[PDB]
Every structure is written in C-alpha cells, then in structure tokens.
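Protein chains in written order, with the authors' numbering: chain E, 28 to 209; chain C, 122 to 363; chain B, 75 to 1035; chain A, 54 to 211; chain H, 25 to 180. Backbone N, C-alpha and C define an ideal beta-carbon position, used for all residues, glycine too.
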Amino acid sequence: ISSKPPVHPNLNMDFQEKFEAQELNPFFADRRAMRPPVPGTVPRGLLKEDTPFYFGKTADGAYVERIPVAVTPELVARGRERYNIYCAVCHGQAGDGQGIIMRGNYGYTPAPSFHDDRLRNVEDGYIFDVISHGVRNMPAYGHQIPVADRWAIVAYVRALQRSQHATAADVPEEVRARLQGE
Amino acid sequence: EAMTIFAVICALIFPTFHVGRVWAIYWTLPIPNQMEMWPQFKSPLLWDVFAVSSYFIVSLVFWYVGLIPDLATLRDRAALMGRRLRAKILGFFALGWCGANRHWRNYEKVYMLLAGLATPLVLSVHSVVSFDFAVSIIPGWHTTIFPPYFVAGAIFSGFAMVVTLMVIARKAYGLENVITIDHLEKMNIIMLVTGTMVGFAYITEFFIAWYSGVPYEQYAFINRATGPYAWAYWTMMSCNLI
Amino acid sequence: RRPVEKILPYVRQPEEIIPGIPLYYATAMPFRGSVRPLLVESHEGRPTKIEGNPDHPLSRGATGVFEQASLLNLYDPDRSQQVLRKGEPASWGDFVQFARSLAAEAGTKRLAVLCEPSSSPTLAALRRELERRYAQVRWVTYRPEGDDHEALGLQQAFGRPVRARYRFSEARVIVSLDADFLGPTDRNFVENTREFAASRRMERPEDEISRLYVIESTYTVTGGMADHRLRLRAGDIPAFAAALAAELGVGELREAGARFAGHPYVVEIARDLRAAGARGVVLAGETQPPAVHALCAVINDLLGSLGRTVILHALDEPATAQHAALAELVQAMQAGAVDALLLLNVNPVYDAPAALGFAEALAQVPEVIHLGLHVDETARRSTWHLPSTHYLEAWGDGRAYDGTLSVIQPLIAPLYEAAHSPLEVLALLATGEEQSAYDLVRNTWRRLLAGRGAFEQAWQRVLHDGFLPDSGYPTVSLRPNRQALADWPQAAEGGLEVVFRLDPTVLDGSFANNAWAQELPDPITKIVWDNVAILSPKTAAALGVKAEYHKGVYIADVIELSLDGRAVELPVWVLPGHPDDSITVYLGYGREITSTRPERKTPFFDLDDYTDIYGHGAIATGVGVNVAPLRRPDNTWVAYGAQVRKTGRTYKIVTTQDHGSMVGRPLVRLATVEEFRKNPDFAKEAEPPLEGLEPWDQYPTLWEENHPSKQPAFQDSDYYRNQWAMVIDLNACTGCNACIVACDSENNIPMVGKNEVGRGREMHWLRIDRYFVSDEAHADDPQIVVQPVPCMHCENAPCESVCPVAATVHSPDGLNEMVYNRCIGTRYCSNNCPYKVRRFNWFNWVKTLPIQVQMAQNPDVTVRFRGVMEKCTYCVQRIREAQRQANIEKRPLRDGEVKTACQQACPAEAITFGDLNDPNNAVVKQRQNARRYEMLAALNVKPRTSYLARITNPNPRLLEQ
Amino acid sequence: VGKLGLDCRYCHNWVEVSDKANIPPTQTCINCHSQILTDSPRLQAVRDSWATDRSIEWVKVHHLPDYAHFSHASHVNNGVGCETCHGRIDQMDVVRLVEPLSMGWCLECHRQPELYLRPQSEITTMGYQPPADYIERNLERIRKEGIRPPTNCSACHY
Amino acid sequence: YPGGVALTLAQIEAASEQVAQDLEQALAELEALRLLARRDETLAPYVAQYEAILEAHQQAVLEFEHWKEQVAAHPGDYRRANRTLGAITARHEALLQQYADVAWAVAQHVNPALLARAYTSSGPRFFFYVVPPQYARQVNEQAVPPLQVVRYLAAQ
Ligand code: HEC
Ligand code: HEC
Ligand code: HEC
Ligand code: HEC
Ligand code: HEC
Ligand code: HEC
Ligand code: SF4
Ligand code: SF4
Ligand code: SF4
Ligand code: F3S
C-alpha cells in the first residue's frame, strides 16, 4: 500500500557498505557489482573432465549417440519437472501440441514437433548442445539451467519421443485454461 | 532526595550514553517489541535499568509525597501573600490537601512504608551496580564483599557531597536556627562509620591477596599499590583513611 | 525512509559462474623472484579472499602473510588511475602512437630495463624475442635488497647455478646459521615451515624431533620457535662458521674463526651432526658473504645429507650480481649510450644506495618509462610512467620457488582503464600493437608444454590445476670438492652493525600501502606503522636510550645513524635478545605516496582524522623513515660506520602487546622432552583438578539437571550433531602471523591508525601475543613463546551471561556466536572475559571506507557499525555455507569440507578445527593427545579450542651448559 | 504466470540450489522478447540493454537487511512455498509484498512450522489448497526428513 | 498454535520407538563388529570408538522418557513438544550419523575403498551448475543405509 520505500528508522546496517552480488556499485562504467570474468579463466572443479557428460562435442565426431550416465527414473523425474517449467512453454507438454506461446497468436517462430522421426533418431549430444549453445531461431538455456538438468530433460524428451511410436498418444493438454487464465 | 534525584538523572545518562548504540537501547526494556525478542535478565546491566528506572521513581514519589505539606503551605500562601494569585493554581500538587486526620495517619504509615520499602531497594540499587562488577570473573571484582562495600562508598561519597551543599547552603543562604551545626556533627559519624567500614574492606582485599588468593588475585592488588596507579591507591586509601 | 538500493544483474550471462555463490579460481602470486601458489574465492568474478592450492604439493594448501595483503594491494586506492608523463596525468592514446613509433623504426636503440626478477618463461623468452632486435639489453634483475645471496654462493660451489629445497622432515637437526627458513621474509615459507613442523609434531609420549641450533645475529622469528639460540654479530658469523667446521673435520679453517675453539654451542653440535648423517642439515641466512654458502655446500655435502637438502638445477641463471650490472648500467647512463629505461615493478629511487648512483643518472636520460603499481619517487621523476596491473590481470606465467611451473588465472578485468600489464608492454616494445597476453602467453607453451595432450585439454587442465605437474628441475649431485674456500678475510669489524632485514609484513616496501599488512604486528615485537631499530639493553644502557612508557604507549628515543654523510634518525626500541653493537633496521615504511583522492575534511564537530586512515593522504606517507639508500651495496644487508647521535624528536611508537614477560604464569608452560617423557599429564599439572573431583573439562557446575545442554531448546536444531572446536599445535606456531590476516579478510574488518591504536585499540580479533620466559632473569636468555588466542568459545561463558540485550548465546556446537546487530555497546561483554578478545567497533571505520577497498570485504558476512562488539566466531561464515549445504542434501560434514581462515592459512598445520564428537577427525586425535593444553581452564570455563603446549627440545649435556 | 503458465524456476533460477536467489538477467527476456513482440514502447530499455551493457535498472522488495542472511534452497528443498512468504503472485501486476518479511513473522514458522510446509510435489503452485489432515500428514515428514528448524542467533544473523 | 500439545505426542512416540528398535540394532552391530573385524585392523581405539557412542545412545533412552513425560504430564504448552521433538530427532539422527562415520571406516580398511555408496558425495557449492544437490539427496536417501551399514559388510 504505502507506495514509497517504508520508514525503517535504524538504517545503520540495512544497506551494508560492502555490496553483495547483484547490487549497485557506484564506481565502474556499468553500474554493477558482478564485474564478469575475463575469457579463458577456469574454475578449480569445473574442468571438462569427461567431455561426454558436459558437452556433446565429445569425440572426433562432435556429437554423441547415447546418454553417458546410467539413467534411473529419478533423473527422469527432474526431466519431467524441468521440462514443464522452462521447456513445455513452447514445444508443449506433448512436444507436438505447441505450448501456450505458439498457440498464443503471436509473432514467434513455430518449432518442430519432437515426435517427428527426424528428431526421434538424433545424437543425444546434439540435443544437449541445443540447450548449451542454442539454435538459429531459438535461444540457449544451458547458459542458466544446471547441466544434469540438461541430461534429465533429454531422457524425458527421448522417453516422450517414445510415447509416439506407440499408441500411448494424444496426451490431454490443459492449454486452453492457460490462455484464459481463469 | 533532590541531591539524590538529580544525581540519578546525571547518572542514568551514562548507561544511555557510554554505549555506542544509544538509539537501540529500548530493546533493553522488556516491551513486547516488533519481533519475539526480550532482554536477558541474567545481566546486571539490565538490573541497573529497572533499578534506576525504579529508584528515580520511588525516590521521587517518596520525595514528592515528602513535600506535600510544602505545596499545601505554598498553595495556602499564594492566595494571601506570595508571588501571584496564579501560583495557587500551580500548586495543585497539594492534591486537595487539608492536613486531616483521616489521611495524615495514612501518610505516616506510607512514610514508614517507603522507609522500610526504599531502603531494601537502596540496598539493591547500589548492590546491583556493584553486582555488575563482582559477578564477573575478574579477580579484583569477584571478591564478594563489594556490594556492602560500594554501598558504604555511596554513604562515604554521598554525605561527602551533602556537606559541601550544606556548608554553602549555610553561609550566604543559610538556616542557623534550623540547620544547627550540631546536626552536621552527628552527621559525620555515619560518614565516619563508613570512614572505617570502607577501610576494613581494603584490609580484606589487601589480606586475601596474602590469604588463599589465585596467583592472579595475588598480583591484582600488588598492581593497585605498586604499578602505574601508585599515584591513585597509595594516596586514595590514605586520603579516604587519613 | 530507507533508500531503494537497486539490483543490476547480468545482461550476457556467463554460464559457469552464478550470482550468489563464489567459485575458486587458481592463481599464482609473484614476489622476490619466485611465485607462490594460491587459490582465490572470486565471489561472482570479484576476488575477496585468497587461499592455498591443496593439490600443489609444494604448498599443500597454505598461504603466508605476504599474500593476503597483496589481495588488498589489488584493491588499493591511489594505485595508477591515469598514465602519468613527466609527472602530468595527461593521456594514454598518444603514448601508444608515441611508443609504437619509437619501437618499430628504432634500430639499435640501446634500451635498459631494471626488471623485477623474472622467474617466468614468457618474460625470459620475450626477453629473447626482444633482444633479437635491439642490440644490447643490459637486463639487470634488481633483486630486492640486492642479490639473494643464497645462489651466488653456490654457482661456484657446484660450478653452475642451483637452488635448494630443504625438506626438513627427512632431516632432524638443523644449524640455521642466520637462516630464516621459517621466515615470511624468505622464500618457500611453506616447505620450510610444514616439514619442519612435522618434525616438531609429536603425537606421542616421545618422538624424534628436530632440535635445531640457531646462531642468529639478529633475533628473528625462526630463533623463537627454536632451541639453544645464540646472539652473535653478523659480519662475524663467517668467523663463527669458520671455527665451526674445524671442529667437524672438513679443513683447518682456524684463522677466520680464531676465538671459537671450544665454544660450548659449537663443540656441542659438531659431534651431533657427524652423529646424524642422513638427518643433519646446515643452512645459511642472508646476512653474509657468499663463502658462508660455500660452507653450506661443503659441510652439507660432506655431512652426507643430499636427499634432505633437496637440490635443484635452475635454468642457467647465475648472473645476478648486483654490482656487475647496476653500476654498469649507470656507467652507460653517464655516457649517453643507453636511452630507454623500462622499469617494471620496482622503486629504485627509494632503494638503490647512493654509493652507486641511480638518481644522478635518472635525471640525465630522457625516454624514461616506469611501469609501476604505485607512483612513488620514480613516476614523479620519470618522463613516462605507465600504470601497471597487479598479477590478477596479467595472464602471467611463473615458477614456484625452485620447483613447479604454475600459471595465473586472471579473475577481474583491469579495474582501471588502461592498466597495460608489464608483459604485453614488454611485448609492446617488440614492434607491434599491444599483444593480447592471453594469446601471447599461449604461444610459449607449445614450445615448452611438455605434455602430450594439446592445449584445450592441457591448458584447460593446468589453468585448472594451478600447476604444471611434471616440472621441477632435475636434481644435481655433489659437484663441490672444496672449490669455494677463498673469500674469508671479509670478517671485518670495528664498528656498530647496521644490518638490514625485511619484516614479515613488508618486502622492500613494495606492499606498504597495505593496511592488513601495514597494521600487522611483527612477531618479534608487536610493532605497527613504523620502522625501528632493535638492540640490546646493554648497548642501550651503554648508549643512553630507552623504550620508556609512563602511559603504556612506549615513548621512544632516536639514533640519527650516520653512514658516509647520509644520516637519518628513527625510533629506537629495545629487545633483550639482540647482541652487542648491532641493530636490525627494517625497510619499507618510508615510502612517500602521492594521492589522487581528496583529504576528505569534515567539520570539527565530526571525526574524520582519527577514522579516515585513507584520508590525510595515501598510507605509505610518513609512516617511518626510508632506510634502503644508506647501505653499501657490497654484501648489501650489513653495514659499518654509524656515528650514532642520540638526538630529540623523541616521539611515540605503538604496539598491541605493550608489555611482555609473564610473571611465571600458566599461559605457555614450556616443557622438555625429558620432562615430557616423565609426565605427559603436565598441561594439567600446572593447575590440576581438585582433591578428589572430576577432570577439569566436563566438570559439573552447581547446576547439572537444569543445564541447557540437558534442556531441549539448545539441543534442538540441525547443529548439535557436530560440536566444533579448534586446537592449535603450538609446537609449530612461531609468528608467521598469517593466522591473523585470513581472519581479517574472510570475516571482514577495518584497519586502525597509529593515532588510534596508540590508545591501545586494534580490531585484530586473533591476538598473536608473544611472551618471554627466562630462568628468573639469570643471563637474560629470552626463550620466547608465541601462541595465538582467539575467543575460545566457552561453554560456561561469562560473556554470554552478561549481555542484557541478548546479543550473545551459546549457539549449538560450542560456537558462542556474536550478533553484530543486537549489541548496543555497553562493552561489558568484553570486561568479563579473561581473554580480552571481544573487540569493539569503537569508531565507524567502514563509513569512511573508500570506493576502492569496498570490493574486498567479502559478500557473505555482516560488516559492523559503531557501537558493536565482535570476536573470532571460529570463522562461522564457512560453517554456515557448509552446514546449509548439508541441510539441503542429507549428509555429515567431512573431515575437511570446512577449513577456517586460521586453519587454511597457517602453513604449519597447527590448527585443525574438525568437528568434535566425530572421532575420525584430526581434532579428536589432537585433543586426545596427552597435552590438551587448556588455557586458563582453572576458572571452570570449559572451553573449546583445547589447544596444545610447546615442547622445546634441549640437548643432552655434550658440553651444552 | 496467470495466462502464460510459467512456473517460477524459469527466470528465477537458482532458487532450488542457491541462497538469495537471483532476479533474472536481461538474457531471459531475450529468449522470447527478441522476436515475439519487437514493438512496444515499454521495454526499449530491455532491447537496448541486450544491445548494450547497462543492465536493467531493477528495484527490489523484501529487502531484509544484509546482517540477517537467508537461503531459499535451505527452505524450498525442505518444502516451503511462495504463497506463504512472497504472496500469491499469479495475479499481481506489481509486487505488494503482502508479507512483512520481518523477524517476528519469520520466526513463527521456525516455532510453528507444520502449519505451512508443503509436500514438495509441485511446490510452486499458487492455486494450492492443502489437503485435509494436513498437519499429521506433515509431522510424519519432520519425524522422517528431520528438518529441525532453527531458533537461535547463529542461523541468519551470524 | 493449532490444537495443543496432545497432537504432537503421537509422533514423538514414533521417534522413541525408532530409538528402541535401534538399541537392538546398535548393540547387535556391536556384536557383529567384534565378529567381522576380529583382527583385520587396529581395533583397540577403533572398536571402543564405536562403543563410546553406545553409552550415550542408551543414556538418551531414559532421557527420552524424561523428555517425553515432561510433555505428556501437562499438555498445555505448545513450546515444549516442537522442541523436545527437535531435540530427539537431532539427538537421534546424530547418533545415526555418528554410528555411520565410525562404520564407514570399517569398510575403509577391510575394503581398500570407502565405497562410492558412502555418502551423497555431491561436491562444493560451485558444483551446482553441474550437479544440483536435489539429485544428490535422491542418491543418498535411496542408496545409503542408516544402520544397515555393517550388515552390508556381511555381504563382503
Ligand atoms: C519459492 C517458494 C520462492 C521463490 C520463487 C522466491 N522465494 Fe524468496 N525471498 C525471501 C526473502 C526474505 C528474500 C530477500 C533476500 C535478501 O534480501 O537477501 C527473498 C528473495 C527472493 C527473490 C529475489 C529478491 C532479492 O534479491 O532479495 C526472489 C525472486 C524470491 N525470493 C523468490 C523470503 C522467502 C521465503 C520465506 C521463508 C520463502 C519460502 C521464499 N522466499 C521462497 C521463494
Ligand atoms: C527445452 C528444454 C527445449 C528443448 C529440449 C528444445 N527446445 Fe527448441 N526450438 C524452438 C524453435 C523455434 C526451433 C526451430 C529453429 C529453426 O527453425 O531454425 C527449435 C529447435 C529445437 C530443436 C531442433 C534441433 C534439431 O535437431 O534440428 C530441438 C531438438 C529443440 N528445439 C528442443 C523454440 C523453442 C522455445 C521457444 C521459446 C523454447 C523455450 C525451446 N525451443 C526450448 C527447447
Ligand atoms: C520471468 C519471466 C519471471 C517469471 C516467470 C516470474 N518472475 Fe518473479 N520476478 C521477475 C523479475 C524480473 C522481477 C523483478 C521485479 C520488478 O521490479 O519487476 C521479479 C520479481 C519477483 C519477486 C520480488 C523480487 C524483488 O524485486 O524484490 C518475487 C518474490 C518473485 N518475482 C517471485 C516469483 C515467483 C514465485 C514466480 C512464479 C510463481 C515468478 N516470480 C515468476 C521475473 C520473473
Ligand atoms: C516467453 C516465454 C516470454 C518470456 C521469457 C518473457 N515474456 Fe513478457 N510477455 C510474453 C508474452 C507472450 C506477452 C504478451 C501477452 C499479452 O497479454 O499481450 C508478454 C508481455 C510482456 C509485457 C507487456 C507489454 C505491454 O503490454 O506493453 C512486458 C512488459 C513483458 N512481457 C516483460 C517481460 C520481461 C521484462 C521479461 C523478462 C524478465 C519477460 N517479459 C519474459 C512472453 C514472455
Ligand atoms: C515456514 C513458513 C518458514 C519460514 C517463514 C521461514 N523458514 Fe527458515 N526454515 C524453514 C524450515 C522448515 C527449515 C528447516 C529445513 C531443514 O531441513 O533443516 C528452515 C531452515 C532455515 C535455516 C537453516 C539453517 C541453514 O541452513 O543455514 C535458515 C538460516 C532459515 N531457515 C532462515 C530463515 C529466515 C531468515 C526466514 C525469514 C526471514 C525464514 N527462515 C523463514 C521454514 C521457514
Ligand atoms: C532468522 C533466521 C533470524 C533469527 C533466528 C533471528 N533473527 Fe533477529 N532478525 C532477523 C531479521 C531478518 C530481522 C530484520 C527485521 C527488520 O526490522 O527489518 C531481524 C531483526 C532483529 C533485530 C532488530 C534489528 C533492527 O534493525 O531493528 C534484532 C536486535 C535481532 N533481530 C536479534 C535477534 C536475536 C538476538 C536472535 C537470536 C539470538 C534473533 N534475532 C533471531 C532474522 C533473524
Ligand atoms: S598459528 Fe598463526 S602465528 Fe603460528 S605459524 Fe600459524 S599463522 Fe603464524
Ligand atoms: S573466552 Fe571470552 S569470547 Fe571466548 S567464549 Fe569465553 S567469554 Fe566469550
Ligand atoms: S576463526 Fe576466523 S575470525 Fe576466528 S580467529 Fe580464526 S580466522 Fe580469525
Ligand atoms: S555485553 Fe552484550 S549487549 Fe553487546 S556490548 Fe557486549 S554483547
């Protein structure tokens, strides 16, 4: 209600003189606290130890046929969940039934259904790279999402591809209620 | 109690001000505050607050009640002989005084009450302000005789100022017929009582260093006599004893 | 009412890093002609604290004092904002066009450098890529405080250049011979420290222990944590070592050491070393002529120890003779032969004695070009002064001392526009545009990678791992057969010794504008903010000066020492350790600094001068007097001919300790291996338990049934699982004094000024107090002890009881955590505690803190406001991020998932910190050890950090006494 | 949210694993507002910001002081929802911060938790009515999951 | 403060029974450890390293009655059940966790590898961009035994 910044009497230690990440820094050109890193720098614990598990550009061939990790369904649990938060928005919960954005009459590029056979036989390391690096019209998401999620998401996809090539098809979708909002 | 109450004012400012964060001292009070927080009652710095915030009050209310017949007298004079007709209207602190039987008996037992009910508080106020020292682990403080001692210090300090006020309240603006010099005579005994009761403790301090002290408490009082503050303790004890 | 302080996140998200959580980049740290390893936190690509590289076995995860202050050198104010030409801050873009046109069409051009000592292949290879074009590049490595002098003594001894490594775990008995092997001033401070400490670490009722025999000329930190130390003027330690070896059997050698045939400490150790062949060591310090180091080679070869003094062949670098080049440089300055003068990281106007002139030549020559970090005395006198990057923006390469071949991760962009790191500048001289150091550096490795995997699997691996593994030079054998035996008669005498020596907290003044280091007590004497002269009472009582104090502030006389008509004065302080006719004047501390920021006056109603330590100027001004120019550059640590003049201006000198020499008190309780062999229960015997009552820890109070540990509300959290405690293997604790500085950076603090600390307040939480113990003042044998003292976070805890405003509590796990919010400042939190460790934010030092250092205070802890206490907290901050990380995912806390700052920095693995009630951890082994030294346990306090005593190890008789 | 059906982990990433979860970068809007709208006079700051380096000048709310730290992941992974603490955002054009986020309310959960905590199955569901027999269905998790909330000074104030 | 103390009194009982069933298991393992590693290790501190917890675990049983009976005696104070339950589960999960840390060393010497089924073994916090701990807690919970740790070593 009280539309202004409210009265806090003792401002001694609210806004500490030091500044945490994602906070204003009144020194630099870009008013910002992060000061991003120089290229080439490397952490202590995030080397591309096993390139399969971090990349698909893994052998002389730049893509990988299969998931390297032994895949329990608990990995796929995150796959389902992680799909329906930052990947079912557009490709949709069913892959082909396009999500709210594309079914929303908008100026966006329509994406291909995962159920198309051209996607049902692809190097899984590529579909991984689709997340880490992006595609012609589509952004990346591995810029922000964890990398194990980049795998769990794929097992759900490759399983969701295996929905088709079987008569477990035509999943019910709740999109219309989302177009309305109520 | 003037000489007490104003001392308590210029006293209480220090606990409010030798702290660094004055503004955040209302947390010390047991108000149900903006969160589920309350003070710590194992702390004599808090006992000091309730004590002085009661001792400013009880000594006042016992002084204010002490001076009701004055306001009666002055309210009675303001009409017939005094400053103004509107000093009477200022003297409503009389609180409908007439000096009657029905409540004067009560005034006596109340003056008895606060006498037997502020002394148990006085012996707790300065004792609290001594408990803050002696409760500690320091050897020069943990010695247990201090609360009676500092109290005797309060005697041997307070009357040591009242006489400074009475002398100067006896020369120019004085009451030869009411402030009899025989009063100050019988006054300095209860000073001189603590002129020696204060002295006996210095012996105990200076004794227990030789009797069963920690090897630090052994050193703690050798410091007092021999060390940086030889200017203080040699002359101080001698000043307060000679 | 409050502000609306915004949040400005990324735009072009770097994928690896994330906002809230740091991630550890693996840099290096150059100094003194070598490069310690390191490991940063790098909160969102901003460095906040440095740490050790646990993979690199040379260090095994440790960081001495000299690094953590460099972290603040990075974030200094008044560094190199603008490029200065002539002294004017004019502009950069003209300089590149200028210097480029100078460089490409130059020809001969006769340039000179006066570099910082390289210790890196990119530098040494670019030197060749440079010298390919321009004819004569004199290329003097101006070593700080002249030639290292450990190496020049050995180029003839072995016939070729070489450096040693000095294991000390395979070796027990060590005659130091002035060697500050355990000295933060010296190099390889870890491997000297650790495997020496392990020799001192017993974990048994008796074990074989080092038993060094130090014979220093000036009382130094290595001589403290030591046994049978001796005081003997430098310039005569050669005469000491002369009669030494004659009592061992190498040669006659009698004439130099004329008067030490039958000295006790000589004839004592001689039989021992010959009796300890594969275990005895003979070191040699830096205050000598090089024949001492020949003797360090002759006897140590003859002694039989080669695997114990591990020896390693440098890359053909013997040519570091300070006379041979630096004079020979200015001999070309005065002839107009040399034109350009490309300084890199140095202040030779500050340094570089007048006996061999520099400034007289500097003003002769134009085209001067000083690359530089500060602006001190060389920028002001040059015609071009580049700004310089710190090593954090260099892409530098660098060798660890004598071993591996590391490489820096640069963490932050150049904080200041146009910093232009020295390496690419040195390549900017190579007739091209400014070489991208990222691509420049890489071009060397392919010629020298020595790894069959290509870069993007090797470069990524080394930039990750912090060290190129297989490197480390090949190990030479015995070359000497008594070659270097012909520079003896330099044992000259007849005058006061004026020896120089670098304090652990500063190194040739190159890190003076550095508060964490500048307000760092020296370990010898808790001195801060002034250079000094330390000496004996017998000379003082024969000279006429004192360290008198009638206010607990140490008012001090002066000296006005005078060498060749180049006299200056300084405070004289006194120590009962040093010998006759000798003073150890420490360097740095006289380094004039020129400020860009204002003095920041505020009204007289407001305090700024006492708080604004960065106000009156930058830091390095007037903190002491400059002393480097006085010496003679021949054996350029020592000096004669100081016509002392006890003059006036007798001003203050400030310390934290302010005193010393406990009166036989139970605070260190040293003990012998003889006594330790007799009564392992002696840490308690000083104040044992009572007539028939329990052992002291776990001793019941009056209350045991209503004790809060028996009540739920203290017991009910996600914490009681792991009680925390922090022992200290005091046997290896000597005044490294890095136990402090990591506390200062991890759990942030402000600094304090001379004008303020004089009244005795210092916001260093971890006191590192030293103490002296003599045999009731028998021969004035000091026999020091050092011991840190954080807030042993008690159980009974008087302080907790006493905050009325409940700003203290025995938090779960022995932690007694302070809150910097709830307190009010009545300070009786502190007065209770026997250990006056509840420091107090007296003034608001952080409010006056500038827009530069604020990068440094780490973004995880509560910086504190005026009127608030503070203390150790066991570096709780990294308990929280760990225990929280275990609350997410069900787990315990490992033996080493968490490492405190006092732990992770102390290179001697003294502090261990592993959670109590977790029996597999090191603490339960180090607490269950016999000497669970419980400091002032007698007050029934029951604290954690139940640390250990020292066991000094004397010698059987052997004519010792 | 209310008519695009996004859950909260999309652009408020690092709330499951971090402490003090992030407001998104500008890049997130560039996932879709690079080529979905390209018209409005409402976010020319955004398009320019991706085309420049000045990040989006975001104000914030809920700014409890920076001497009392906090961690969403410590809560969210252990089953606490945004309806309880940050309010029902699904119909919120601009943030009301309907909860105070002060200590006296911050602590009512750490003394009386089981009135609030979620089963972790679809925690970010603004239209969540909990079941009946909610409490006893929850305490069986505190008995098993063993959460043991904090009551002390050590937790957030340091 | 929903409905008083009597609600929580069912679950606090459900904790103490887990302890009582673990009196059997811990003391059973204390037999088995003496049987499994008779002489395959130092065992002189290391067996008593496992016993030292046991006198504490049994001591808390008599307490868990006293803790609990102080609650069920008067059900009119909600600010004791949440605390007694927060104490029990911590004093319980600790002793479960302390048994494990002493029991994983058993495998650490019998097997040269303290197994990859040891702990969550997730990693540091900056190893969340690759491996959120969410994955790890579903590894640790669904793989690691609380007190089937040495009976697991009967398979070895
Ligand atoms: C899912 C259940 C949650 C989401 C999504 C978010 N929160 Fe939290 N939250 C809380 C506080 C007191 C803060 C302020 C942080 C600080 O000042 O240090 C926050 C912060 C956020 C933010 C960003 C705003 C910021 O940078 O300060 C976001 C996007 C956010 N939260 C989303 C409090 C709580 C809380 C009560 C315990 C809960 C359960 C959550 N937050 C959970 C969620
Ligand atoms: C979330 C995790 C995902 C996943 C698994 C995929 N996408 Fe997309 N995507 C979008 C569009 C418009 C395209 C077409 C690009 C073009 O026409 O040039 C794509 C492309 C793909 C592919 C095809 C790659 C190939 O093998 O040829 C795949 C496998 C794929 N995507 C998977 C649009 C979007 C979105 C709209 C904003 C979002 C969100 C995503 N994609 C996210 C994902
Ligand atoms: C991106 C597409 C978003 C989605 C989907 C959700 N949030 Fe949001 N949130 C976003 C931004 C850019 C901001 C900044 C506020 C502004 O000034 O516009 C926010 C804000 C919040 C906040 C308040 C944070 C603050 O500014 O102090 C909260 C608590 C929050 N968001 C939570 C939240 C939840 C629970 C969501 C899904 C249920 C959600 N957000 C959607 C970006 C985006
Ligand atoms: C794809 C998933 C989207 C992401 C990611 C973000 N937004 Fe969005 N936004 C999206 C749509 C389909 C719409 C239009 C729906 C409608 O009701 O018209 C919007 C709308 C907005 C608007 C309103 C524009 C106006 O009315 O002037 C704004 C201000 C907006 N979006 C902002 C915004 C920001 C700042 C985002 C990242 C933090 C963001 N959106 C993400 C689809 C998507
Ligand atoms: C429910 C309504 C909660 C509110 C409101 C707050 N917290 Fe919480 N917190 C909650 C639970 C259920 C738990 C325990 C989870 C477990 O498995 O242990 C917690 C725990 C914490 C911790 C844990 C300690 C740590 O990991 O560092 C902290 C620091 C914490 N909570 C902080 C916190 C703050 C600062 C809050 C309000 C400002 C707050 N919590 C509210 C549940 C709830
Ligand atoms: C979270 C885990 C907390 C716990 C447990 C405790 N405190 Fe708290 N406190 C917390 C917050 C987020 C706030 C901010 C409220 C506001 O006013 O905006 C506070 C507040 C205080 C204060 C007042 C500070 C002020 O600026 O007014 C005090 C003095 C304080 N808290 C003390 C305190 C103590 C002593 C606690 C246990 C020992 C404690 N708090 C618990 C967060 C949390
Ligand atoms: S414990 Fe402290 S003083 Fe001792 S060596 Fe380590 S850092 Fe230095
Ligand atoms: S030693 Fe001092 S700071 Fe440490 S717990 Fe005890 S009283 Fe508190
Ligand atoms: S724990 Fe931190 S604050 Fe405490 S003494 Fe050690 S390093 Fe310093
Ligand atoms: S006594 Fe207490 S109120 Fe603060 S100043 Fe000290 S912790």
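Residues of the region 112-128 of chain E with a Cβ closer than 9 Å to any Cβ of chain A, in chain order: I112, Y113, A115, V116, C117, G126, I127, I128.
Residue nearest to B:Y490 within the set B:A979, B:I925, B:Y773, B:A616 is B:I925 (criterion: CA-CA distance). At least one CB atom of chain E sits nearer than 8 Å to the CB of B:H117. As computed with DSSP, B:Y660 is found in a beta bridge with B:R575.
Straight-line spacing of the CA atoms in B:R705 and B:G569 works out to 14 Å. Near ligand 9, residues with a Cβ at less than 6 Å from any of the ligand's heavy atoms are B:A816, B:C817, B:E820, B:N821, B:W839, B:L840, B:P864, B:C946, B:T947, B:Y948, B:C949, B:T974, B:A975, B:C976; the list follows chain order. By the CB criterion at 8 Å, C:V173 and C:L235 fall outside the cutoff. Fully enclosed alpha helix (DSSP H) runs of no fewer than 4 residues occupy 139-142, 144-148 of the region 109-177 of chain B, in order along the chain. Interface flag for A:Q165 against chain H is set, since a Cβ pair is found closer than 8 Å.
For B:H538, the enclosing alpha helix (DSSP H) covers residues 529-539.
Rounded to the nearest angstrom, the Cβ distance from B:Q230 to B:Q557 is 6 Å, consistent with a contact under 8 Å.
Note that the C-beta distance between B:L417 and B:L188 is below 8 Å. Identification of chain A residues near E:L206 by a Cβ-Cβ cut-off of 8 Å yields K56, ordered along the chain. For B:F750, the enclosing alpha helix (DSSP H) begins and ends at 747-752. C:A239 has its CB no nearer than 7 Å to any heavy atom of ligand 10.
Think of a sphere of 8 Å around the beta carbon of B:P121: no beta carbon from chain H falls inside it, the nearest being about 15 Å out. Proximity of chain A to C:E157 at the Cβ level (cut-off 9 Å) is accounted for by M156, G157, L160, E161, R164, in chain order. For C:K163, same chain residues with a beta-carbon under 7 Å away, outside a window of 5 residues either side, do not exist. Separation of A:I76 and B:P93 (C-alpha to C-alpha, rounded to the nearest whole angstrom) is 10 Å. Taking the CA atoms as reference points, C:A322 sits about 10 Å from C:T265.
When Cβ pairs closer than 8 Å are counted between the two stretches, the region 394-404 of chain B is seen to touch the region 422-442 of chain B, the count reaching three or more.
Placement of the Cβ of B:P595 at a distance of 7 Å or more from every heavy atom of ligand 7 is found. Assignment of B:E643 by DSSP, reduced to helix, strand and coil, places it in the coil class. Between the beta-carbon of B:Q959 and that of H:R115 there is about 22 Å, and that puts the pair past the 8 Å contact cut. Scanning its chain for C-beta atoms nearer than 7 Å, with the 5 sequence neighbours on each side dropped, one finds around B:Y475 the residues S108, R261, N262, in chain order. Scanning B:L256, B:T101, B:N421, B:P128 for the CA closest to the CA of B:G662 turns up B:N421.
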